[PDB]
Amino acid sequence: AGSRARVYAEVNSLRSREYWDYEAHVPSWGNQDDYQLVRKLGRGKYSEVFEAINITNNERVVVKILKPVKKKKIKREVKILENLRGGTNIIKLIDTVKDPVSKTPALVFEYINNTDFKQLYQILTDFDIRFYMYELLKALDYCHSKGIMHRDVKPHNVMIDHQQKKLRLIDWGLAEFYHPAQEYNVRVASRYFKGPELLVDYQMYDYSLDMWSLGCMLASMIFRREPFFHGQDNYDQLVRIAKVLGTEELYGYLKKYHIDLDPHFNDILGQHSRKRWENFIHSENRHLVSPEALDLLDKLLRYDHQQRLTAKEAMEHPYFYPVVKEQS
Ligand SMILES: O=C(O)c1ccc2c(c1)nc(Nc1cccc(Cl)c1)c1ccncc12
Ligand SMILES: NCCc1ccc(Cl)c(Cl)c1
């Protein structure tokens with residue numbers, strides 16, 4: 001009874017229990033032998049990702065092989081992906097398969113030819129940033145409307161093919177279902193994308209965590225400082241935030257939600273004024289910054305998770321009017 005979402009708060013409560021009760025979900029496991037692995041793309045803590053071909057139809061896909069011990073978490077990710085089926089700009093789950101002998105499970109996703117913007121293709125224009133942020137917002141509004149927090153929004157999870165102008169939000173392995181008053185694990189998101197709520201151990205968070213992470217991505221893109229808040233550890237991460245947003249404002253947020261700060265922060269936070277967003281503008285980024293962009297960013301990167309724009313409210317912001325007009 002400390003906090004709840006401003007939007008879609010009851011939306012899982014209003015659905016059949018089977019929608020959100022992922023522990024009860026019984027996936028249909030197809031045959032992984034239909035997929036030929038071509039190339040290893042990477043590895044995470046509990047998964048590895050390969051480029052592959054479906055040999056029955058010659059389609060290129062990716063296969064994400066799951067360490068099989070984590071049964072509840074597998075069911076969670078599978079059920080979330082099935083619920084998100086057809087959602088705008090959400091990576092498409094094509095199948096759920098197992099090796100028919102070992103029974104190791106794997107997820108088959110559509111392939112996206114991800115651009116490395118760090119050199120190869122094109123450095124983003126103002127319009128490009130608006131466009132891709134708007135497309136990312138569609139995916140977040142969709143999943144939030146579906147009662148799902150992603151909880152790991154960061155650039156690596158936002159796959160963009162800059163030649164075809166396609167965007168997909170990937171890696172739903174940390175995603176959860178939002179339920180009013182539920183206390184969630186704060187050990188989610190990449191350090192640089194963690195909202196203050198996580199950093200101060202506030203467990204009654206909601207979809208608005210994803211809006212912090214998308215604000216961090218907006219800042220990094222318009223100002224060309226990636227990641228925007230570069231902490232060396234979780235404590236330093238909050239200090240990096242406070243050096244921008246201010247310490248008095250942090251204390252107001254803590255008092256509103258009755259939050260206790262870990263006392264180790266006493267030795268490191270200092271005293272910081274709230275900075276003007278215009279302080280980040282210089283010759284290398286001025287062509288990406290506008291009054292609109294700053295107004296939007298200022299409404300995303302707020303301590304108080306309840307005062308951040310929703311995905312929809314962000315979509316509706318003037319910053320995206322040029323994109324809306326072009327999509328007409
Ligand atoms: O987890 C998912 O939902 C997930 C879903 C789809 C992709 C993915 C992860 N990772 C990819 N690439 C990648 C690149 C570097 C490291 C790692 Cl582990 C993976 C990738 C590439 C091309 N098309 C789709 C994907
Ligand atoms: N992997 C691409 C991450 C990225 C880069 C630029 C933008 Cl504007 C966005 Cl939304 C996402």
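Quick note: residue numbers are just sequence positions, from 1.
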Novice: Regarding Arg6 and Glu313, does a basic nitrogen lie under 4.0 Å from an acidic carboxylate oxygen?
Specialist: yes
Novice: Checking the side chain of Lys73 only, and the main-chain atoms of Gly173 only, is there a donor and an acceptor separated by less than 3.5 Å?
Specialist: yes
Novice: Has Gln271 got more than 12 heavy atoms of other residues, nucleotides or ligands less than 6.0 Å from its CD?
Specialist: no
Novice: With a 3.5 Å cut-off and no angle check, do the side chains of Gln306 and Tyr253 form a donor-acceptor pair?
Specialist: no
Novice: Within a reach of under 6.0 Å around CZ of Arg276, are more than 12 heavy atoms found that belong to other residues, nucleotides or ligands?
Specialist: no
Novice: Centre of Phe127's six-membered ring, under 6.0 Å away, within 45 degrees of the axis: is that where NZ or CZ of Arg130 sits?
Specialist: no
Novice: Other residues, nucleotides and ligands only: do more than 12 of their heavy atoms fall within 6.0 Å of NZ on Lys166?
Specialist: yes
Novice: Below 30° counts as parallel, above 60° as perpendicular, anything between as tilted: where do the rings of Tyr184 and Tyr205 land?
Specialist: tilted
Novice: Determine, using ring centers only, whether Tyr35 and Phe50 are less than 6.0 Å apart.
Specialist: no
Novice: Would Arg85 and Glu82 pass as an ion pair if we require N to O under 4.0 Å?
Specialist: no
Novice: For residues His156 and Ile170, report the shortest heavy-atom separation together with the two atoms involved.
Specialist: O-CD1, 3.8 Å
Novice: Is the closest side-chain donor-acceptor distance between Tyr235 and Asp262 under 3.5 Å?
Specialist: yes
Novice: For the pair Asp236 and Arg191, find out whether any cationic side-chain nitrogen is under 4.0 Å from an anionic carboxylate oxygen.
Specialist: no
Novice: Evaluate whether atom CD of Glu316 has more than 12 neighbouring non-hydrogen atoms of other residues, nucleotides or ligands under 6.0 angstrom away.
Specialist: yes
Novice: So, for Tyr178 and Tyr8, is the gap between ring centers shorter than 6.0 Å?
Specialist: no
Novice: State plainly whether the residues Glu51 and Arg39 are in salt-bridge range, i.e. N to O under 4.0 Å.
Specialist: yes
Novice: I'd like to check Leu254 versus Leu250 (side-chain heavy atoms, cut-off strictly below 4.5 Å). Are they in contact?
Specialist: yes
Novice: For the residue pair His162 and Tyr132, confirm or rule out a side-chain donor-acceptor distance under 3.5 Å.
Specialist: yes
Novice: In Å, rounded to the nearest 0.5 Å, how long is the span from OH of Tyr192 to NE2 of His230?
Specialist: 3.5 Å
Novice: Hey, does the side chain of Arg308 reach the backbone of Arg302 with a donor-acceptor pair shorter than 3.5 angstrom?
Specialist: yes
Novice: How about NZ on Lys165, more than 12 heavy atoms from neighbouring residues, nucleotides or ligands closer than 6.0 Å, or not?
Specialist: yes
Novice: Does CZ in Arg274 sit with more than 12 non-hydrogen atoms of other residues, nucleotides or ligands closer than 6.0 Å?
Specialist: no
Novice: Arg76 side chain to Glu176 main-chain N or O, any donor-acceptor pair under 3.5 Å?
Specialist: no
Novice: For the side chain to side chain contact (heavy atoms under 4.5 Å, CB included) test, which of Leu218, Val323, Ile222 pairs with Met133?
Specialist: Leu218
Novice: Do you see a donor-acceptor pair shorter than 3.5 Å between the side chains of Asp206 and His305?
Specialist: no
Novice: State, to 0.1 Å, how close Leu174 and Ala189 come at their nearest heavy-atom pair, and which atoms those are.
Specialist: CD1-N, 4.0 Å
Novice: Find out if a path of hydrophobic residues (ILVMFWY) with successive side-chain heavy-atom gaps under 4.5 Å connects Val38 to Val61.
Specialist: no
Novice: Can you see whether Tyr46 has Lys70 sitting over its ring - NZ or CZ less than 6.0 Å from the centre and within 45° of the normal?
Specialist: yes
